[PDB]
Amino acid sequence: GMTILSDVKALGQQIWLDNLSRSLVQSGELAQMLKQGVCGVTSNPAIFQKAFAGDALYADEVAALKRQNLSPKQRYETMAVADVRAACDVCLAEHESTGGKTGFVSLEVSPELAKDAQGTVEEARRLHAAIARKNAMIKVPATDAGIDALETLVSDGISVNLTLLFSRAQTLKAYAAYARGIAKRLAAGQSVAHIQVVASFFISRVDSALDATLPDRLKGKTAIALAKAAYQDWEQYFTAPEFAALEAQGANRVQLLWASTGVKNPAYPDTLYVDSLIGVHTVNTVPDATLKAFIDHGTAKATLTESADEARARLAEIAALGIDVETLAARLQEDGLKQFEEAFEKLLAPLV
């Protein structure tokens with residue numbers, strides 16, 4: 001039942017909604033969710049493509065914007081920024097109640113900037129200022145350029161959702177860049193206590209890539225094993241003396257956020273990823289149907305740190321089979337960027 005969301009909060013995990021639309025906010029539904037245990041919202045270009053195509057409340061907005069001399073991208077941005085600002089307003093009470101630790105809404109920069117660090121910084125600063133809310137996060141893909149941008153944006157005091165992570169190594173690079181940005185701010189006497197960063201580590205895509213060619217005992221296990229190992233890496237990085245010296249001065253840890261947690265293979269239970277990845281100081285962003293399924297028949301138990309030994313043994317067998325999870329991660333990130341650009345082009349076409 002619904003109380004499962006508060007049970008998961010007590011285990012230290014926030015559950016965010018992986019969807020946003022004009023009607024979600026305008027109907028009052030989002031406000032009701034933020035009382036029922038939902039703690040934040042994520043978007044991406046595919047979410048906007050589907051919302052713009054299917055939500056009747058965009059029609060009048062598009063018609064109005066087609067009366068102005070605007071590029072398709074600025075029409076999209078005007079719409080998306082308005083939706084994000086409205087959602088931030090709905091989530092503000094939650095955000096303020098926790099000292100700014102919850103209640104975030106994420107907006108992703110243009111996919112075409114993913115390999116351009118300077119361009120990404122420029123767009124992220126601009127979108128942060130355009131939204132003009134303390135609980136907005138700018139979503140930036142974790143390419144090498146995105147990790148460069150992350151350091152700069154953190155040093156600017158901007159909260160960031162670093163996305164399309166599939167690699168433990170790249171995630172650790174992201175933590176190091178975060179810490180460099182934090183250390184810069186502390187050295188300059190600037191505040192850090194309101195800077196929040198999440199590392200959105202993708203789940204279902206790993207299993208979708210591998211399962212058809214894996215042995216029995218490994219089908220449907222790799223993505224969870226990879227996440228469990230990532231969380232162990234997280235514990236080690238953020239408890240180390242280097243980060244502790246920053247946390248003593250007010251720095252917040254990065255938190256892992258499990259994304260792509262809707263189950264895509266009907267051979268697995270629909271709550272598999274949510275049920276299996278619950279642990280302290282994490283986030284899980286779920287599509288509506290997965291949130292529904294978890295409320296109906298999910299289980300709230302601290303599963304993320306269970307059986308870490310088996311996770312390690314499974315990743316060792318993956319390697320034994322010749323699957324290089326770092327090569328896979330790079331491909332999946334590339335593929336995700338291509339897919340987000342495809343969705344973005346699809347949504348811009350009706351805005352011409």
# chains A, B, ... in the order shown; residues from 1 in each chain; ligands from 1
>>> residues_around(residues="residue A:31", least_positions_apart="4", cutoff="12 Å", atoms="only C-alpha atoms", output="list in words")
residues 23, 24, 25, 26, 27, 35, 36, 37, 38, 39, 40, 41, 86, 87, 88, 89, 90, 91, 92, 93, 94 and 103 of chain A
>>> select_by_dssp(residues="stretch 3-91 of chain A", states="strand (DSSP E or B)", output="ChimeraX atom specification")
/A:13-17,40-42
>>> residues_around(residues="stretch 215-227 of chain A", least_positions_apart="2", cutoff="8 Å", atoms="only C-alpha atoms", output="short mmCIF file (atom, residue, chain, number, x, y, z; two decimals) with N, CA, C and O atoms, in the first residue's frame")
data_model
loop_
_atom_site.label_atom_id
_atom_site.label_comp_id
_atom_site.auth_asym_id
_atom_site.auth_seq_id
_atom_site.Cartn_x
_atom_site.Cartn_y
_atom_site.Cartn_z
N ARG A 168 31.20 2.03 -13.08
CA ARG A 168 31.74 2.34 -11.77
C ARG A 168 32.94 3.26 -11.86
O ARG A 168 33.13 4.12 -10.99
N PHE A 201 22.61 6.37 -12.09
CA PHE A 201 23.22 5.14 -12.55
C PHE A 201 22.11 4.27 -13.10
O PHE A 201 21.16 3.94 -12.38
N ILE A 203 19.93 1.21 -14.80
CA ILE A 203 19.77 -0.19 -14.41
C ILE A 203 19.30 -1.07 -15.57
O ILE A 203 20.05 -1.93 -16.03
N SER A 204 18.06 -0.89 -16.04
CA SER A 204 17.48 -1.89 -16.93
C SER A 204 18.26 -2.05 -18.23
O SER A 204 18.30 -3.14 -18.80
N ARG A 205 18.88 -0.96 -18.70
CA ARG A 205 19.57 -0.99 -19.98
C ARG A 205 20.70 -2.01 -20.00
O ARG A 205 20.98 -2.62 -21.04
N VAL A 206 21.35 -2.23 -18.85
CA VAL A 206 22.44 -3.21 -18.78
C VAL A 206 21.89 -4.61 -19.02
O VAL A 206 22.44 -5.39 -19.80
N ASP A 207 20.80 -4.95 -18.33
CA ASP A 207 20.23 -6.28 -18.52
C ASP A 207 19.68 -6.44 -19.94
O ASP A 207 19.82 -7.50 -20.54
N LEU A 210 22.51 -7.43 -22.27
CA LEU A 210 23.27 -8.66 -22.09
C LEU A 210 22.44 -9.93 -22.00
O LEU A 210 22.97 -11.01 -22.28
N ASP A 211 21.18 -9.85 -21.58
CA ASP A 211 20.53 -11.06 -21.08
C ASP A 211 20.38 -12.13 -22.16
O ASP A 211 20.49 -13.33 -21.86
N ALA A 212 20.09 -11.75 -23.40
CA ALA A 212 19.83 -12.76 -24.41
C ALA A 212 21.03 -13.67 -24.64
O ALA A 212 20.86 -14.79 -25.15
N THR A 213 22.24 -13.23 -24.32
CA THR A 213 23.42 -14.05 -24.56
C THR A 213 24.08 -14.57 -23.29
O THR A 213 25.11 -15.25 -23.39
N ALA A 229 27.72 -3.13 -6.40
CA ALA A 229 29.14 -2.83 -6.34
C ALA A 229 29.38 -1.32 -6.38
O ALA A 229 30.27 -0.82 -5.68
N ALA A 230 28.62 -0.60 -7.20
CA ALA A 230 28.76 0.86 -7.21
C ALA A 230 28.48 1.43 -5.84
O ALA A 230 29.15 2.38 -5.41
N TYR A 231 27.49 0.88 -5.13
CA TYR A 231 27.17 1.43 -3.82
C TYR A 231 28.28 1.15 -2.83
O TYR A 231 28.58 1.98 -1.97
N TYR A 268 10.83 -10.84 -15.72
CA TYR A 268 11.19 -10.42 -14.38
C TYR A 268 10.02 -9.70 -13.73
O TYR A 268 9.25 -9.01 -14.41
N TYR A 273 13.68 -4.03 -9.82
CA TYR A 273 14.76 -3.08 -9.59
C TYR A 273 14.49 -2.26 -8.34
O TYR A 273 15.39 -2.10 -7.49
N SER A 276 15.07 -4.34 -5.16
CA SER A 276 16.40 -4.90 -4.98
C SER A 276 17.47 -3.87 -4.65
O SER A 276 18.61 -4.27 -4.35
N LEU A 277 17.15 -2.58 -4.70
CA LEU A 277 18.16 -1.53 -4.67
C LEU A 277 17.93 -0.52 -3.56
O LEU A 277 18.43 0.61 -3.64
N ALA A 308 26.53 -8.80 -0.99
CA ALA A 308 27.51 -8.12 -1.83
C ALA A 308 28.53 -9.11 -2.36
O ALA A 308 29.05 -8.93 -3.47
N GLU A 310 27.96 -12.14 -3.42
CA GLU A 310 27.41 -12.75 -4.62
C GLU A 310 27.46 -11.78 -5.79
O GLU A 310 27.70 -12.19 -6.94
N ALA A 311 27.22 -10.49 -5.53
CA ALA A 311 27.34 -9.49 -6.59
C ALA A 311 28.75 -9.49 -7.17
O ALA A 311 28.93 -9.47 -8.39
N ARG A 312 29.76 -9.51 -6.30
CA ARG A 312 31.14 -9.55 -6.78
C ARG A 312 31.40 -10.82 -7.60
O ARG A 312 32.05 -10.76 -8.65
N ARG A 314 29.27 -12.58 -9.28
CA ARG A 314 28.59 -12.45 -10.57
C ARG A 314 29.35 -11.55 -11.51
O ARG A 314 29.52 -11.88 -12.69
N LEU A 315 29.85 -10.41 -11.03
CA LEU A 315 30.63 -9.56 -11.92
C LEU A 315 31.91 -10.25 -12.37
O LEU A 315 32.37 -10.04 -13.50
N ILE A 318 30.81 -12.45 -15.24
CA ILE A 318 30.59 -11.61 -16.41
C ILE A 318 31.91 -11.35 -17.13
O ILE A 318 32.02 -11.50 -18.35
#
>>> select_by_dssp(residues="stretch 84-269 of chain A", states="alpha helix (DSSP H)", output="ChimeraX atom specification")
/A:84-97,117-131,144-155,168-187,204-210,222-239,241-247
>>> closest_residue(among="A:199, A:251, A:259, A:192", to="residue A:234", atoms="only C-alpha atoms")
A:199
>>> closest_residue(among="A:171, A:74, A:303, A:333", to="residue A:280", atoms="only C-alpha atoms")
A:303
>>> residues_around(residues="residue A:179", least_positions_apart="3", cutoff="10 Å", atoms="only C-alpha atoms", output="list in words")
residues 151, 154, 155, 173, 174, 175, 176, 182, 183, 184, 185, 238, 242, 243, 246, 251, 252, 253 and 254 of chain A
>>> closest_residue(among="A:272, A:113, A:283, A:137", to="residue A:297", atoms="only C-alpha atoms")
A:272
